[PDB]
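Chains as they are written, first to last, in the working numbering: chain S, 958 to 1138; chain W, 443 to 631; chain P, 249 to 263.
For each residue, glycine too, the CB sits at the ideal point set by N, CA and C.
See the structure below:
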C-alpha cells in the first residue's frame, strides 16, 4: 500500500564521537549535514536549487543525540554494539564497453557500527582520482549502507578491487572486478 | 583499536499513502541495533519497544505539549516536506538505457544466458518481459532484482535461459513510468 | 525555494 517514505535519520557514536544527520527519500539521500563545515550538502546539485535547509537545527539535534547516547550507555549497563561485517559488491552502472567511460560502484551493505575504511585499487595500487563516496545511509534493520564510486576507462589490461576495512572483519575484504573478454 | 562502541540512532519516518491522503509519522529510537522506544502517530503516544525504552516512553508521555506537537507533525512536518520535495523526488523521472547481449560468446544450438540490461532509470517501479519470436517467455528468467545505485538511479539485469537456433529473434520489453510506450530491444540469433 | 523542516530531538529520562 505504501507509495513513499521520507526519513530524517540521525545517529551519534562513541567513543568515536561521530555524528550524522541526513534526509532519505525512498532509500535515496536528499541531503546530509556536513558536521565540520556545519552546512547542508545536497546529494544532487539541483536539489539545492529547489530547496534549502537550516543546518543549525540539525546540529542542535545532534547535540541532544550525543547526550542521549551517553544516558543510554549508562542505562544499558554499558552494553556494546555487536559488530556486523559488511556485504560488499562491485558492479558497473552500465554495460562495459572498451573505450566508453563507465563507473564502478562499491556497495557496502548491512553493517554496523557505521565506521569503514574504503580504498579503490587498480592493479593493486590505490586510486583516488575522481573517486567519491556517500555518507552512511539508514536501513530498516538499523544497519547501514554506503556507496563508493570510481569513474574509469574499461580495458583488458586492468583489474580493480574495492578494499573495505571494518571492525567486524578480522581481515580486510577485497572485492574484485575486471573486464574479461 | 578494539575498544567497545555504543550507538544511538533517531529516525523520523513519514509514510505516505495515496499521495498525502494517509500519513503516518513513526519516530524511532535505537540503541546499538535494538529499537527501544517509538512514537506511532496512529497510537498518538510513545511506546517502549524494549524494557530499555520504558523510562523514556513514560517520561515523554508525561509531556502533554510534546505529545501535541508530535500528533500535529503529520501536517506541519510530513505533509510540509512532501510538498517541498514533490517536484524533484515523487515526480523525478529518468528514462532507462536498455541493451541486450549474450552473457557468453557461444555458437548456436548451445545453452546461453541472454541479458537485458536496464540502467540509469528512476523511479524503481519497472516491468521487464522477454519474447521469443513474439511469444512471451515466462520460464527460465533469472534476475538480479532492483539495484539502487545510491545516486538516484536504479539498474536491473534480467536474464533469459535460451538455446538459440538460427533465425530466432529475442526481444526485451521494458515498461517504466518515464515512457508512454514500452521500450523494446532485439537480439537476433 | 521552499525549506525542509525538522522535528527536534528530545532529551531522555535522565533519572
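Beta-bridge partners of residue 966 of chain S (DSSP): S:979, W:453. Taken in chain order, the complete alpha helix (DSSP H) segments of 4 or more residues contained in the region 515 to 554 of chain W are 522 to 527. Restricted to the region 1101 to 1126 of chain S, the beta strand (DSSP E) segments that are unbroken, complete and at least 3 residues in length are 1101 to 1109, 1116 to 1122, listed in chain order. The C-beta distance from residue 451 of chain W to residue 968 of chain S rounds to 4 Å, short enough to meet the 8 Å contact threshold. Rounded to whole angstroms, the separation of the alpha carbons of residue 1000 of chain S and residue 986 of chain S is 6 Å. By the neighbour-count criterion, in which 16 or more other beta carbons inside 10 Å mark a residue as buried, residue 459 of chain W falls on the exposed side. With a cut-off of 8 Å on Cβ pairs, the region 1024 to 1040 of chain S is not in contact with the region 987 to 996 of chain S, counting fewer than three such pairs. Proximity of chain S to residue 483 of chain W at the Cβ level (cut-off 8 Å) is not reached, the minimal Cβ distance being about 14 Å. Distance check between residue 449 of chain W and each of S:1100, S:1129, S:1048, S:1137 places S:1100 closest, using alpha-carbon atoms only.
Residue state for residue 973 of chain S is assigned as coil, using DSSP reduced to three classes.
In chain order, 257 make up the part of chain P whose C-beta sits under 8 Å from the C-beta of residue 967 of chain S.
In the three-state reduction of the DSSP assignment, residue 589 of chain W falls in the strand class. Under the Cβ criterion of 7 Å, residue 263 of chain P is not counted among the residues facing chain S.
Contact between residue 1090 of chain S and residue 530 of chain W fails: their C-beta atoms lie close to 23 Å from each other, not under 8 Å. For residue 1088 of chain S, DSSP assigns no beta-bridge partner whatsoever.
Per DSSP, reduced to three states, the secondary structure at residue 508 of chain W is helical.
Looking at the backbone, the Cα of residue 497 of chain W and that of residue 488 of chain W are separated by about 11 Å. Under the 10 Å beta carbon count, residue 626 of chain W is surrounded by fewer than 16 other beta carbons and is classified as exposed.
From the beta-carbon of residue 452 of chain W, the residues of chain P found nearer than 7 Å are 257. Sixteen is the threshold: since fewer than 16 other Cβ atoms of the shown chains lie within 10 Å of the Cβ of residue 547 of chain W, the residue is exposed.
In the structure shown, residue 1129 of chain S falls within a coil segment according to DSSP collapsed to helix, strand and coil. Non-local C-beta neighbours of residue 978 of chain S in its own chain, meaning closer than 7 Å and more than five positions away in sequence, comprise 967, 989, 990, 1015, 1018, 1019, ordered along the chain. Contact of residue 592 of chain W with chain S is assigned, a C-beta pair being separated by under 7 Å. Around the beta carbon of residue 565 of chain W, 16 or more other beta carbons lie within 10 angstroms, which makes this residue buried. With respect to residue 491 of chain W, residue 558 of chain W sits apart: the two C-beta atoms are not nearer than 7 Å.
Residue 561 of chain W counts as buried, since at least 16 other C-beta atoms from the protein chains shown sit within 10 angstroms of its C-beta. If you draw a straight line from the Cα of residue 1111 of chain S to the Cα of residue 1134 of chain S, it comes to about 11 Å. The beta carbon of residue 1071 of chain S lies closer than 6 Å to those of 1093, 1101 in the same chain, with the five residues before and after it left out. Residue 522 of chain W belongs to the set of residues whose beta carbon lies under 7 Å from a beta carbon in chain P. Among the residues of chain P, those whose CB is under 9 Å from the CB of residue 1029 of chain S are 260, following chain order. In this structure, the beta-carbon distance from residue 478 of chain W to residue 467 of chain W does not fall below 7 Å.
Only those residues of the region 524 to 539 of chain W whose C-beta falls short of 8 Å from the nearest C-beta of chain S are listed: 524, 526, 527, 529, 530, 531, 532, 539.
For residue 1125 of chain S, the nearest beta carbon of chain P is not closer than 7 Å to its own beta carbon. Of all alpha-carbon atoms in S:960, S:1138, S:959, the one lying nearest the alpha-carbon of residue 1055 of chain S is that of S:1138.
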